[PDB]
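For neighbour counting, all protein chains shown are included, and Cβ atoms are generated from backbone atoms with ideal geometry for every residue, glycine included. Just so it is clear, none of the values below were taken in a lab; they were calculated from the coordinates.
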Amino acid sequence: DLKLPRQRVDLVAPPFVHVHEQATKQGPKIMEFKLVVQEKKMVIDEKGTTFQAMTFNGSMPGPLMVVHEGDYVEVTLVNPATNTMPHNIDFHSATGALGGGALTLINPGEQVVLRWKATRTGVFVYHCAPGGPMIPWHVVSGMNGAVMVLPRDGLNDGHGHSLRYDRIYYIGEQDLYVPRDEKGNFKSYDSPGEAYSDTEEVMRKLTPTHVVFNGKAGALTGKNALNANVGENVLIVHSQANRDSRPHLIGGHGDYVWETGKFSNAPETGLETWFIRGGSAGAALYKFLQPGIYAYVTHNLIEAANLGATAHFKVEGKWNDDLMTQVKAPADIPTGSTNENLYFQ
Amino acid sequence: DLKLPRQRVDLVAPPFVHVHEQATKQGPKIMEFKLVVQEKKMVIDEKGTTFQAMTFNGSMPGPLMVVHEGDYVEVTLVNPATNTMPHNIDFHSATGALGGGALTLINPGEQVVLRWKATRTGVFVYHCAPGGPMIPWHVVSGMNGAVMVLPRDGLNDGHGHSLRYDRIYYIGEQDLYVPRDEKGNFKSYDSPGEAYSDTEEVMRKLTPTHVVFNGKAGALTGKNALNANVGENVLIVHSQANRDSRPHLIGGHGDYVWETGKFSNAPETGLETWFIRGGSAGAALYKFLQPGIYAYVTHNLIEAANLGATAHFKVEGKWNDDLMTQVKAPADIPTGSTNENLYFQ
Amino acid sequence: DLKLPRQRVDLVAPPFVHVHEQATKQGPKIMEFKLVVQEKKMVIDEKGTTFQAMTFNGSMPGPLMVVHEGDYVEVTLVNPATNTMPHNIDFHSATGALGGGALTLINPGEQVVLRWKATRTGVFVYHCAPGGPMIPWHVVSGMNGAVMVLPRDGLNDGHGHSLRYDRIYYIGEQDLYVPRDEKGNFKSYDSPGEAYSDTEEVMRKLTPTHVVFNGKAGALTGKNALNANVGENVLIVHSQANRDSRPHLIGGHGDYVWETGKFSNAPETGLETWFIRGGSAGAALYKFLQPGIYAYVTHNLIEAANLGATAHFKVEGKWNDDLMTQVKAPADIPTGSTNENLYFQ
Ligand SMILES: OC[C@H]1O[C@@](CO)(O[C@H]2O[C@H](CO)[C@@H](O)[C@H](O)[C@H]2O)[C@@H](O)[C@@H]1O
Ligand SMILES: OC[C@H]1O[C@@](CO)(O[C@H]2O[C@H](CO)[C@@H](O)[C@H](O)[C@H]2O)[C@@H](O)[C@@H]1O
Ligand SMILES: OC[C@H]1O[C@@](CO)(O[C@H]2O[C@H](CO)[C@@H](O)[C@H](O)[C@H]2O)[C@@H](O)[C@@H]1O
Ligand SMILES: [Cu+2]
Ligand SMILES: [Cu+2]
Ligand SMILES: [Cu+2]
Ligand SMILES: [Cu+2]
Ligand SMILES: [Cu+2]
Ligand SMILES: [Cu+2]
């Protein structure tokens, strides 16, 4: 009885995002997405540590789904018989039935079709939540992603002016809990079930061993740095399904930030660092003003540098010496300098 | 010389709240409350672990006090001689004398009467704070609650429209620090003083062993689930006197949320997850749109599922298939399906 | 080619702040500051524990720099040859080159001159960031401070009214990671390089051993309590370069708080406790209404009382019995009292 146009969306792997319109004059549609659960061993750091992961569509995070206010979202969730455990899905964007989790529990070899109406604008987490202690374990094993519900008029600045991005990236941050042996080395396991009891012990102490973007330390550095150009307005969606984060663009700012992630609320302007509460997604716009490398981090710098949570942007364009310049390059401290007379000596 | 009507309020045990008016045309009154300190052993999880607690009025959290802007609040704090330690009270809603703590220190066998004017609207923490290392120890042993100071016109949406709740609940979240023996089992003690040195060692590592609502894992699940009905606007006051929390209603949203908890500031709309800074109370309104079970959690899901921090709502009414529906129930993956051709394989 | 008046600013040690104008009709200037790196052993708690610190200008935090929107800030960073490591500086207030870090790396015996334009208003962190795992280590060793960029019209309340402070203090909060030996005692080292490997092990577990204001437990208590007077509007700038904090003035409120620290956004009013995200600075105004001692804490009370994070204000003036009064001093519980009949017994 729901008589609306259907449109199939093909998702893509983060940090990229499937094609979509920002503002639209299309009416509501049934937007059709498919997510396939994949349990698999994955590499999670630069020394090659492996991890028994559980994923939607084979990536951590799961892919970003993008729809508009008033759309209906029809998700086919597939759990292939190569998997070992039951899984489900819960959308923070949806209303009722534990976000859908109470309607989507599937054993290996099954699939299920859920439809939810996109009544709330913003970016939101989705994640597996099979029940009881399985809920944190499936989420911290990788089973989480995000959905963005745009207003039909696109974003605005909360003061009646339109905002448009030239580029969008989805940064999913994952806290991981990898057991260590007596000597302090990370342990390997042959299946998720085998990893569980030792992993739950690490989870109970609430301190991750790794905090990574796009599934692995170094995932978005080197060859896979994020590209941009001076002058582009870039939207950075950040999610964390289980633990707080404090995003910061080193060398930049958040020009417009919805740190609680919901477009019915005006964004804050000109932030240095913002805050993603565990269990949520947020979003920040920035217009690049300078070329060069930028690091995007969580600004617990121990997590950023030592546990895996740094991404890079490589920005092409012309340097602006008015905004910043090296007035004098490193040189020897002048013989005639008198720093021994300073107040703090 | 303060010549105002006096009115005695009888408090009730959380998560319920004493009767009160939201909007009022009554002028300022002296609102009279009594809190009695009770030290006692309490059960704090589903395996029966006991804990040497310290409470106001025998509950964790202490009861919610509700007054209106401009009222004076006259609290009699009683420390019976069955107790072993000095106690006091500090109201974050009050001005001066460390929130009252500097005027309320009482030994066992004593009582004291403090009056403070309710000049600041919002929900606020109160807690014991005897001095030095006793302050965290008394708070994490259970000695904290909240007070709500409503505007005399009731709540509003920050854009000139009145908000009214049909139902109010007070969720106090408590981080607990229970010592373990060599084998990892929780230790029992015969008095608070006996528990102190081992408890302080756990406190120093900043990682709770339990994170509970209404004093115990499972307190607000099963028979003691919170009731509501489709269509009701429910106010959920959440406090945490010592540690951050990130509340989330699974299956719902925060329609209007004052996460810093102060009604002079407009609420944010349509949140998935909000943030209670340690040392504060916040409040969220939600109008239920779907029947069924909802879980209310802190969205560190390890804390929610494994350390005790889940409550349930049981909501009666009719399901709305427009907002969400199971289009196809779990079924075998069709023989003819082609999932091996997906981008991520 | 930048033809503007130059003005040299002499910095002072926190928590005080160099002299400056709040509102100004002066046009943009080049504001000249000098920071000298000093590595040195410092005492960090009341039992005399020492720490191999690294500082700007010999203090933790580094000094507060205050400029106005549109100024250019020309910083000479000096690394004397008595130091052992390379250092640099990154300003969250600046645009480009990792906030300046990519233009300021200096070996011992060198200095460098960076100029950045103050295009963003607010309070912001600055810190050393030499590269890779050196970044967290230099920051948690003390190499961080803050800069305030005021609007040229001074502060306002976001609703078109001017705000002016009578007094400003800069509270820098530092999380420290001090190794312990087998017996649990803090270890001492003869140099930063010698401390590094054991310190990095403590850093990886993300739990500080000390959380201090102005560099040491007790720094701003006793003789060095902060002064104020009833009626004064006091601005309290709080920074944390690496870890979240939740500031609270015990006995007071935040009348106007910019917890994300950026003056383009209206402040929130009447807060009990606010939140400084790690990697940021925030600011709160309060007009003192009562004399006496106030404690300013992070409201994880374990950190405040047991790990060093308490400051005091000593406020002179006349008590206001209307706002708060002790109606009856501690007395014996009346023989005739009937507390055994209360609901919770
Ligand atoms: O009290 C009514 C009764 O109906 C149930 C039957 O399973 O289902 C309702 O809720 C479901 C979603 O949670 C809907 O899919 C279903 O169609 C609706 O009828 C029970 O949950 C409930 O006890
Ligand atoms: O400097 C004045 C002096 O007055 C004291 C005396 O104890 O008390 C004032 O503050 C109290 C609350 O903190 C009030 O109850 C009291 O009535 C008021 O006079 C001292 O604290 C202070 O040194
Ligand atoms: O692609 C251009 C090229 O220019 C470089 C040369 O080192 O420098 C630019 O960026 C610097 C700041 O990061 C400025 O100081 C410099 O003046 C500007 O020309 C490279 O980083 C870059 O590869
Ligand atoms: Cu799963
Ligand atoms: Cu969730
Ligand atoms: Cu007490
Ligand atoms: Cu307090
Ligand atoms: Cu350095
Ligand atoms: Cu930084």
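Inside the stretch C:100-121, can you point out the residues that are within 8 Å of another protein chain (Cβ to nearest Cβ) and closer than 19 Å to C:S264 by Cβ?
Scanning the stretch C:100-121 gives C:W116, C:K117, C:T119, C:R120, C:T121.
Which members of the stretch C:260-279 meet the condition of being within 14 Å of chain A (Cβ to nearest Cβ) and closer than 30 Å to B:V202 by Cβ?
C:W274, C:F275, C:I276, C:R277, C:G278, C:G279
Name the single residue, out of those in the stretch A:291-336 being without any contact (Cβ under 8 Å) to a residue 24 or more places away in the chain and within 10 Å of ligand 3 (Cβ to nearest atom), that is nearest to C:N79 (Cα to Cα).
Per the stated criteria, the residue is A:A329.
Given the conditions (1) assigned to a strand (DSSP E or B); (2) farther than 16 Å from A:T338 by Cα, which single one is not true for C:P61?
For C:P61, the failing item is (1).
Would you tally the residues in the stretch B:286-296 being away from ligand 1 (no atom under 16 Å from the Cβ) and surrounded by fewer than 24 Cβ atoms within 10 Å (Cβ to Cβ)?
2
Taking B:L342 as the residue in question, decide whether it is of a type outside the set (D, E, K, R), facing chain A (nearest Cβ under 7 Å), away from ligand 1 (no atom under 16 Å from the Cβ) and surrounded by fewer than 21 Cβ atoms within 10 Å (Cβ to Cβ).
When the stated conditions are applied, B:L342 passes them.
Out of curiosity, is B:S239 small (G, A, S), surrounded by fewer than 22 Cβ atoms within 10 Å (Cβ to Cβ) and closer than 14 Å to B:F124 by Cα?
no
If a residue counts only when it is in contact with a helix residue (DSSP H, G or I) (Cβ under 8 Å, 6 or more places away or on another chain) and more than 22 Å from A:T119 (Cα to Cα), which strands (runs of 3 or more DSSP E) contained entirely in the stretch A:257-298 have at least 1 such residues?
Those strands (runs of 3 or more DSSP E) span A:292-298.
Within the set of pairs 6 or more residues apart or between chains, which connect a residue that is more than 14 Å from chain A (Cβ to nearest Cβ) and surrounded by 24 or more Cβ atoms within 10 Å (Cβ to Cβ) inside the stretch C:53-71 to a residue that is among the basic types (K, R) and outside any strand (DSSP E or B) with Cβ atoms less than 8 Å apart?
C:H68/C:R152
Within the bounds of the stretch A:187-201, is there any residue that is outside any loop (DSSP other than H, G, I, E, B) and free of Cβ contacts under 8 Å to residues at least 12 places away in the same chain?
Yes, there is a match, as at least one residue in the stretch A:187-201 is outside any loop (DSSP other than H, G, I, E, B) and free of Cβ contacts under 8 Å to residues at least 12 places away in the same chain.
Does C:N227 satisfy being surrounded by fewer than 22 Cβ atoms within 10 Å (Cβ to Cβ), assigned to a strand (DSSP E or B) and in contact with a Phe, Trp or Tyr (Cβ under 9 Å, 6 or more places away or on another chain)?
So C:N227 passes the test.
Kindly provide the set of residues from the stretch B:306-336 that are within 19 Å of A:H87 (Cα to Cα) and small (G, A, S), ordered by number.
The answer is B:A329, B:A331.
Could you run through the stretch A:165-186 and say how many residues are at negative phi and not in a strand (DSSP E or B)?
So the count comes out to 9.
A:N144 - would you say it is crowded, with 24+ Cβ neighbours inside 10 Å and not hydrophobic (A, V, I, L, M, F, W, C)?
Taking the combined requirement at face value, the residue satisfies it.
May I ask you to list the residues in the stretch C:74-84 that are buried (at least 20 other Cβ atoms within 10 Å of the Cβ) and more than 10 Å from chain A (Cβ to nearest Cβ)?
Within the stretch C:74-84, C:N83 is the sole residue that qualifies.
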